[PDB]
Amino acid sequence: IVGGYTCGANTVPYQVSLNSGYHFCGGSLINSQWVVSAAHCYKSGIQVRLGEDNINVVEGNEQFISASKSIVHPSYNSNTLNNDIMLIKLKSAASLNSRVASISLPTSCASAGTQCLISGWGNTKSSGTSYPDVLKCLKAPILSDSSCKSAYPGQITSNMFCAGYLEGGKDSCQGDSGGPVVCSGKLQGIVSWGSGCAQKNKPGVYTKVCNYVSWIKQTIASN
Ligand SMILES: *P(=O)(O)[C@@H](NC(=O)OCc1ccccc1)c1ccc(C(=N)N)cc1
Ligand SMILES: [Ca+2]
């Protein structure tokens, strides 16, 4: 996160760190045994890390649980990033408590103008490269389908929305992928792509999670 602020230890109880020896992506816990993230973050050997604030230090509230499985969206296109969503079932269920908690799924899509919260451990600088330790947060608005298309002619599908500031200066960045965009308590977006980070007229682009609620629900009922 570029241009955001330090969240405060465990104030985003649903934020997940995906680690394969090092944090490579973020995620969102959606129930005792499942995490949603971006399908562009798939690889094998993922250990979900819940209860994290500083990812380089054991501070006491973590649950590190290996992935028993991952299901990348059947229609994921890595080239276009259309359908950038994947589900991660945990080896063991997590103990949910005030500091470790699941986010609820959307029953409706959020519209343009709705302010959300994007969080992650990704790069903070659009200057010399710098990765943090503790979770950064950014409050930011979903933009209009039209400004988003105007900003990326030809690349925005119906499962994509933009969120951010066309002025530049605040955005998500490398390493933030797969993590949350929560608006009014609902996980509405998954951090997916953008052109550079925090640049003028190039906002963050997010998987429109409301489009997948049915697939998610059906997958968790059978896996
Ligand atoms: P994420 O992996 O942290 C990152 N996306 C990533 O680099 O891969 C997708 C990609 C597709 C096409 C060209 C480049 C990258 C990411 C997430 C959010 C932003 C952002 N500016 N909001 C940037 C990169
Ligand atoms: Ca930690």
Side-chain angles (χ1 to χ4, degrees), residues 1-4 6-13 15-20 22-28 37-43 46-65 72 76-86 99-100 116-127 129-138 140-143 148 151-152 154-157 160-181 189-207:
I1 307 301
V2 185
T6 302
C7 305
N10 312 280
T11 57
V12 184
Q15 174 74 236
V16 161
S17 196
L18 296 201
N19 177 278
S20 61
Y22 48 92
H23 164 89
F24 63 103
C25 278
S28 290
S37 188
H40 89 259
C41 290
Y42 156 86
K43 58 160 78 186
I46 302 176
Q47 186 188 239
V48 174
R49 303 198 131 185
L50 306 82
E52 283 280 9
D53 195 48
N54 185 300
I55 51 178
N56 274 323
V57 192
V58 169
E59 303 175 290
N61 288 254
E62 303 96 338
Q63 301 169 188
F64 294 170
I65 302 159
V72 166
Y76 175 46
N77 190 294
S78 57
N79 295 145
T80 64
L81 281 205
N82 186 24
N83 303 111
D84 197 355
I85 186 163
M86 72 176 264
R99 285 160 70 100
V100 184
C116 314
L117 175 89
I118 302 148
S119 49
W121 290 281
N123 191 57
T124 66
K125 311 306 289 185
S126 303
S127 10
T129 181
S130 174
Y131 282 81
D133 252 291
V134 297
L135 190 76
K136 295 289 137 306
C137 278
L138 171 58
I142 290 175
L143 270 355
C148 191
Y152 294 96
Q155 286 152 280
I156 309 303
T157 77
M160 288 187 196
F161 66 88
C162 291
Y165 296 96
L166 301 180
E167 308 68 37
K170 300 188 238 182
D171 201 359
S172 32
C173 203
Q174 312 103 13
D176 283 323
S177 290
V181 181
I190 301 175
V191 178
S192 178
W193 61 273
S195 309
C197 300
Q199 303 290 281
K200 191 203 66 52
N201 298 31
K202 284 119 98 297
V205 176
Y206 298 90
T207 311

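Numbers here are sequence positions counted from 1. Start at 1 and go down the list; that is how both ligands and their atoms are numbered. Quick note: numbers below take in every heavy atom, side chains included, and nothing from hydrogens, waters or symmetry partners.
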Flag for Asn10-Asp53: side-chain donor and acceptor within less than 3.5 Å: no

Nearest neighbour in protein (non-hydrogen) for atom 11 (C) of ligand 1: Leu81 CD1, 3.8 Å

Side-chain touch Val12/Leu117, heavy atoms, less than 4.5 angstrom: yes

Close N or O approach (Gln174, ligand 1; < 3.5 Å): no

Part of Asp171 within contact of ligand 1 (heavy atoms, under 4.0 Å): side chain

Member of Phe161, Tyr152, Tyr165 meeting the side-chain contact (heavy atoms from CB on, under 4.5 Å) criterion with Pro203: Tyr152

Any protein heavy atom < 4.0 Å from atom 13 (C) of ligand 1: no

Approximate separation, where rounding is to 0.5 Å, of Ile65 CD1 and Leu50 CG: 5.0 Å

Identity and separation of the nearest protein heavy atom to atom 16 (C) of ligand 1: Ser177 OG, 3.6 Å

Sub-4.5 Å side-chain heavy-atom contact between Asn83 and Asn77: no

Shortest protein contact, atom 6 (C) of ligand 1 (heavy atom only): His40 NE2, 3.7 Å

Sub-4.0 Å heavy-atom contact, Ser192 with ligand 1: yes

Heavy-atom nearest neighbour of atom 19 (C) of ligand 1 within options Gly175, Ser172, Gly178, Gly179: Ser172

Between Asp84 and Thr207, a side-chain donor and acceptor under 3.5 Å: no

Ligand-residue contact atoms, ligand 1 with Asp176, heavy atoms, under 4.0 Å: 3 (O)

Donor + acceptor pair across side chains of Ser172, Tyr206 (<3.5 Å): yes

Numbering as shown, the atoms of ligand 1 that approach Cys197 to under 4.0 Å (heavy-atom distance): 21 (N)

N, O or S atom of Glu62 closer to the Ca ion (ligand 2) than 3.0 Å: yes

The Ca ion (ligand 2) to nearest N/O/S of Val57 below 3.0 Å: yes

Close-contact set for ligand 1 against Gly204 heavy atoms, below 4.0 Å: 22 (N)

Between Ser119 and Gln15, a side-chain donor and acceptor under 3.5 Å: yes

Side-chain touch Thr80/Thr157, heavy atoms, less than 4.5 angstrom: no

N, O or S atom within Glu52 nearest to the Ca ion (ligand 2), by name: OE1

Side-chain H-bond candidate by donor/acceptor type, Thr124 with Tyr131, under 3.5 Å: no

Structural part of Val205 in contact with ligand 1, heavy atom criterion under 4.0 angstrom: neither

Where ligand 1 meets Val191 - atom numbers and elements under 4.0 angstrom, heavy-atom basis: 17 (C), 18 (C)

Backbone or side-chain N/O/S of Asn61 under 3.0 Å of the Ca ion (ligand 2): no

Heteroatom N/O/S of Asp53 within less than 3.0 Å of the Ca ion (ligand 2): no

Selected option - heavy-atom contact closest to atom 21 (N) of ligand 1, from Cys173, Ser195, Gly196: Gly196

Residues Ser192 and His40: side-chain donor-acceptor under 3.5 angstrom: no

Check: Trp121 ring centroid to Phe24 ring centroid under 6.0 Å: no

